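Backbone-built Cβ (ideal geometry, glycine too); neighbour counts: all protein chains shown. Each reported figure results from applying straightforward, stated rules to the coordinates on display, with no laboratory input.
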Amino acid sequence: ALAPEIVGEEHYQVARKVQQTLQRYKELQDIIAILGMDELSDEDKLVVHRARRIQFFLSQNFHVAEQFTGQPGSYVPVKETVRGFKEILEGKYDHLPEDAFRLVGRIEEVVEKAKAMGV
Amino acid sequence: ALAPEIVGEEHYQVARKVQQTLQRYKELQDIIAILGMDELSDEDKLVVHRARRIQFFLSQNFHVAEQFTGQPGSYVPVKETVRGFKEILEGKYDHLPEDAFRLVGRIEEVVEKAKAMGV
Amino acid sequence: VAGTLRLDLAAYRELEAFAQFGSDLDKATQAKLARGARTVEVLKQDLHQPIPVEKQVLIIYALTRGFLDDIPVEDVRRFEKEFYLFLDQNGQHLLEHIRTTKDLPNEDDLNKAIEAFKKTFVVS
Amino acid sequence: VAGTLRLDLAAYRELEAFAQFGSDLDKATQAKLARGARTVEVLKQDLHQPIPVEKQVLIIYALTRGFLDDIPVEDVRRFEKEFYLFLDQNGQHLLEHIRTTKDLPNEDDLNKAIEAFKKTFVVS
Amino acid sequence: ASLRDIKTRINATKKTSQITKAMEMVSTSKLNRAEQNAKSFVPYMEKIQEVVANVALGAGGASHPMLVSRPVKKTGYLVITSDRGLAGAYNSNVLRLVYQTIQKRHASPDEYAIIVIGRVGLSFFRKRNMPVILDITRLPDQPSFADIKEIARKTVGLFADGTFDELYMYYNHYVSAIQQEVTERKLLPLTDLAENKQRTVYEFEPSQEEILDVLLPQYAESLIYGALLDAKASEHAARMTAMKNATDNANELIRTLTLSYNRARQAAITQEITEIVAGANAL
C-alpha cells in the first residue's frame, strides 16, 4: 500500500526520505566507530544528528505497555505523524535533545517533554 | 575445590585476579590481531604487559620432559606458586623480559635466567 | 527504585564499547560511565549470601539517588556491607516500615539516614 | 555506446566504497566518481515507465560523451524527463533515423541538439 | 562457530579493510605533499643560517647566543604531536622519551615547563598532570609559517623574558618511509654556529646590539618550522605504514575466516543429508 496513488504523494515522499536518511545513517556507523565523529562533514554530522532523533521518534508508548513502564500510551493520527516527520526532516527541532523524542508520540509532546526536562 | 574456605582467602583472590586479567587479555586479542597494540589505552597496555608474563609463568619444566630437552624438572609448592603469582600481579617484575618466564619453577629462577641473559 | 537501573545499565552497554576508542571528553558520558561501573559493582553478590528485600530496596535507592556518586568503585563493595550493619543499628524503623507497608518510607528521613552513614564511612 | 557505459560503471564500482573520504586523491579519481554517480542516477527507472530503445541510445550517448558532467546529480532525473520531452518535439529526425537504420545519427547533429536542449535546461 | 557468525565476521573485516585501504591511500598522498612542502623551503633556512654565521661575531651582545638567562632555572620543553591517533608509535615514542628524560632531569613541577603541539600530547600531560603553558590543536595538514608564527613569537618572548634558562624541542625525524626517529634538538641558548666564508657586514651594519636583537626571534622561527616540516612528514609516513599493516592483517584474517566458513558449510551439508537419509530408511 506504500504507493503515491494510495497513501498520498507527500506521505510517500516523506516516508521514502526518512527511509533513505536512516539507511544512510546505517552506512556511517562503521566509519564513526573507527574514526570518531570528528572526521565527518558538517552536513553528515547534521544527517546523524537528525537520524538519531528520527530513530528515537519512531518509538512510541503503548497502553498495554503500562505494565512495564507506568506511563500511559497515546494514539497518533497518520496526518499528525506525517507532519511531525516532515518538520523533523526540515529541522525545526534540531536544538532539542535526542532523548526528548523517546516514547513520546506527537511533536506537541516532544516539546512538552523537552520543556519538562529543563534544557 | 577452589573455594575461599578450602584453599584460603589469599589463594582465592590471587586465582580470581589471574583469571580476570587473562579474560581481559582474551577480549583484547581480537583488536590487537588487526590494528596492533598501539591504539590501546594506558590501562589495556598494562593489562597485556601483566597477562603475557602471567601466561608464560604458568609454564613449567617437567621431570618426564627431560628426554625432550636437557633441562631437569621442578617441583613447586603451592605456597611458592601463590606468592610468585601475587608478586607478578603486584608489578614486581615488569622490567624483566617476558622470555625469562618460560619453563621454570619458582619465581627466583625467572630472576636467575633474566640475569643470565642480561639484566 | 528499580525502573532507572534498566536504562542505567543500557546506556553502559554502548558507552563501554564507545569509550575504548572514543575521544571521551563529554562529562555527561563520564557521569554515565561512573554510574554504570558503580551499579555493576553493586549488583555483585557472594555465594550463599541472601539479602532481604527491605535492604535491597534501600541499597538500590542509595545507588540510584546519587549518594554513591563519590564513593569509589574499589570501595562500594565494603560500603554496602557496612551500610547493612549501620541500617540494622539505626535505621531499623525504616526496615519495619518497608516490611509492613510495601511502599517506600518518606524520602527526607531516608535521605537523612543515608547522609548520616556517608558522614561515618571511611573512604580509601 | 554500451562499451563505454560498462567501462565507466565498472571503474566507478571498483572504488565506490572509498568515496566518502577517498575524494581529493587525484583529478582522475574525481572525474570517475562524478561520472559514476551520474551513471547510477541515469540507470534509475520508475515502476511502469518503459522507454524506447532510441531514447535509451540518446540518453546513454549524452552521458558517455560527457554532456552530463556539469549537471548536478540532484537534477539528472529531471534532465532525462525534459530531454525526452524535448526530443519528441525536435529530434524527430534523429529518432526516425535510429528506428529505420538501427545506427546512430550524425554526431554533429546529435551534439547540436544536445547543446540546444542544454542551453534551455534550467540548472536548479 | 555458526555460519551466520562467521559470515558477519567476514563482512565486518572486509569493510574494515576497505576503510584502512582508503586511509592508506590518503596518507600516501599527504606524505608526498608534506615532503614537497618540506623540501621547498631549504634555501630559506640556508640563507638565514649563512646570515647568522656572518653576523654572529664581535661582541655578540644578544642575550640568546651569548649567555644563559639564569645559571639554573626552569627548562622549556617543546613537543610536536598529532591531533588524532592511528599513526602507530609516532606520538608514543616522543611522549615516552620526553617523560623519561624529564623525570630524571627535573625533580619538582616548578623546575620545568612544557609547551605542546597536538591534542594527544595535551591529553597525555593532562592525564599525567604536568605544568603546561600554551598549546595549539587545530592545524591544517599542510602547515605554513603564518599558522604558528604567533606561538613561535610567544615562546621566544617567554624565553627572552627570563622564564627559561634553556629550551629544547622534541619531535619525530623522517629518515625513510619506514623509519621515524625521535630527535632531541636544543633550541636555546644558541651555541653551534660554525664559521662560514661569506663577507662580514655585507651591507653597512647600523648596530650589532640592534641587528642581533631584531634577528634572533626570526632565527628561532627558522628552527621551529624546520621542526613542523619534518614531524608532519614523519606523521604521514607512520600513518601510511600503520594502515598498510592493518590492511595486510585484515586480509589474512579474511582468508582464515573463509577457510573456516567453507569447512562449516561442508559439515552442515553432510549432517543434513545424513539425517535425511537416516530418517528416510528408518521406515
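Computed over chain C, relative contact order equals 26 percent, with contacts defined as Cα pairs under 8 Å that lie 6+ residues apart. For C:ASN90, neighbours were defined as the other residues whose beta-carbon sits under 14 Å from its Cβ, and their charges (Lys and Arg +1, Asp and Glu -1) total -1. For the rotation that carries chain B onto chain A, the axis lies closest to a Cβ at B:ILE34, 5, where the number is the distance in whole Å.
For the listed residue pairs D:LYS55/D:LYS102; B:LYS92/E:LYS74; B:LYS45/E:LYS127; B:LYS92/B:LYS115; C:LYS32/C:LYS119, the alpha carbons are over 22 angstrom apart in B:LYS92/E:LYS74; C:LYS32/C:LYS119.
With the charge dipole of the stretch E:21-242 set up from +1 on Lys and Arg Cβ and -1 on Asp and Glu Cβ about the Cα centre, the Cα lying farthest toward the positive end among the listed residues E:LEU212, E:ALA113, E:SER40 is that of E:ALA113. Highest mean packing first, where packing is the average number of other Cβ atoms within 10 Å per residue, the peptides E:252-260, D:56-64, E:134-142 line up as D:56-64, E:252-260, E:134-142. Between the Cα long axis of helix C:107-118 and the first principal axis of chain C there is an angle of about 70°, rounded to the nearest 10.
What average count of beta carbons from other chains do you get within 10 Å of the Cβ of residues in C:95-103?
Average neighbour count from other chains, rounded to a whole number: 0.
Mean per-residue shielding of peptide C:1-8 is 1, counting Cβ atoms of other chains within 10 Å of each Cβ.
In plain terms, the residue of B:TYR75, B:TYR25 with the fewest other Cβ atoms within 10 Å comes first and the most crowded comes last, giving B:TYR75, B:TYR25.
Under the convention that each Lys and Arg Cβ holds +1 and each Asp and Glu Cβ holds -1, the size of the dipole of the stretch E:19-160 around its Cα centre is about 440 debye. Ordering of A:87-96, A:61-70 by packing is A:87-96, A:61-70, highest average first (other Cβ atoms within 10 Å, averaged per residue).
For C:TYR84, the label point sits 7 Å beyond Cα toward Cβ; its separations from the matching points on the remaining copies run 7.7 nm, from shortest to longest. Between the listed residues B:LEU46, B:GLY36, B:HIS63, the Cα displaced farthest toward the positive end of the dipole of the stretch B:1-72, a dipole computed from Cβ unit charges relative to the Cα centre, is found at B:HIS63.
Normalised by the number of residues in the stretch E:21-242, what is the relative contact order in percent for Cα pairs under 8 Å and 6+ residues apart?
In percent, rounded to a whole number, it is 36.
Counts of other chain beta carbons within 10 angstrom of each beta carbon in peptide E:11-19 average 3.
Once both axes come from the Cα atoms, what is the angle between helix D:76-90 and the longest principal axis of chain D, in degrees from 0 to 90, rounded to 10? Taking Cα atoms only, the helix is inclined about 20 degrees. The calculated FRET efficiency for D:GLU96 paired with A:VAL78, based on their beta-carbon distance and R0 = 35 Å, is about 0.10. Under a model in which nothing but the beta-carbon of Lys, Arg (+1) and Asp, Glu (-1) is charged, the stretch B:9-117 shows a dipole of about 320 debye around its Cα centre. In this structure, D:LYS112 and B:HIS95 have a Cβ-Cβ separation that, at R0 = 60 Å, corresponds to a calculated FRET efficiency of about 0.15.
Here each label is just a point 7 Å from Cα along the line to Cβ, and for E:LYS244 and C:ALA28 those points are 4.3 nm apart. Between helix C:27-43 and chain C there is an angle of about 50 degrees, using the helix long axis and the longest principal axis of the Cα atoms. Take the Cα of B:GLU27, step 7 Å toward its Cβ, do the same at E:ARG153, and the gap between the two points is 5.1 nm. Taking the empirical scaling 2.2 N^0.38 Å for compact globular proteins as reference, chain C has a Cα radius of gyration ratio of 1.13. Taking K and R as +1 and D and E as -1, what net charge do the other residues with C-beta under 15 Å from the C-beta of B:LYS86 add up to? So the environment of B:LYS86 carries a net charge of +1. Computed over chain B, the Cα gyration tensor eigenvalues convert (square root of 5λ each) into semi-axes of 25, 21, 14 Å, ordered from largest to smallest.
Work through the residues other than E:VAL26 whose Cβ is under 12 Å from its Cβ and net out their charges, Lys, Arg +1 and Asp, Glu -1. Working shown, then result.
Details: positive: E:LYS21, E:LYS30, E:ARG33, E:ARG239; negative: A:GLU39, D:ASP24, D:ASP26, E:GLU24, E:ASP141.
With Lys, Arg at +1 and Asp, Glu at -1, the net is -1.
Per residue, what volume in Å³ does the Cα convex hull of the protein assembly as shown take up?
Numbers: hull volume 276.1 nm³, N = 769.
Convex hull of Cα atoms, per residue: 359 Å³.
Here the dipole of chain E is about 1520 debye; that uses its Cα centre as origin and unit charges on the Cβ of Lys and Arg (positive) and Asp and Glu (negative). Which Cα, out of E:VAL201, E:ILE80, E:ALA22, lies furthest along the positive dipole direction of the stretch E:21-242 (beta carbon charges, K/R +1, D/E -1)? Farthest along the dipole direction, towards plus: E:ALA22. Relative to the other identical copies, B:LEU22 shows label-point distances of 4.5 nm, where the label point lies 7 Å from Cα along the Cβ direction and values run shortest first.
Closest approach of a chain D Cβ to the axis relating D and C (residue, whole Å): D:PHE21, 12. Here the convex hull built on the C-alpha positions of the stretch E:21-242 has a volume of 127 cubic angstrom per residue.
With the label 7 angstrom out along Cα to Cβ, how close does A:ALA65 come to the same site in each of the other copies, in nm, nearest first? Values, ascending and in nm: 5.9.
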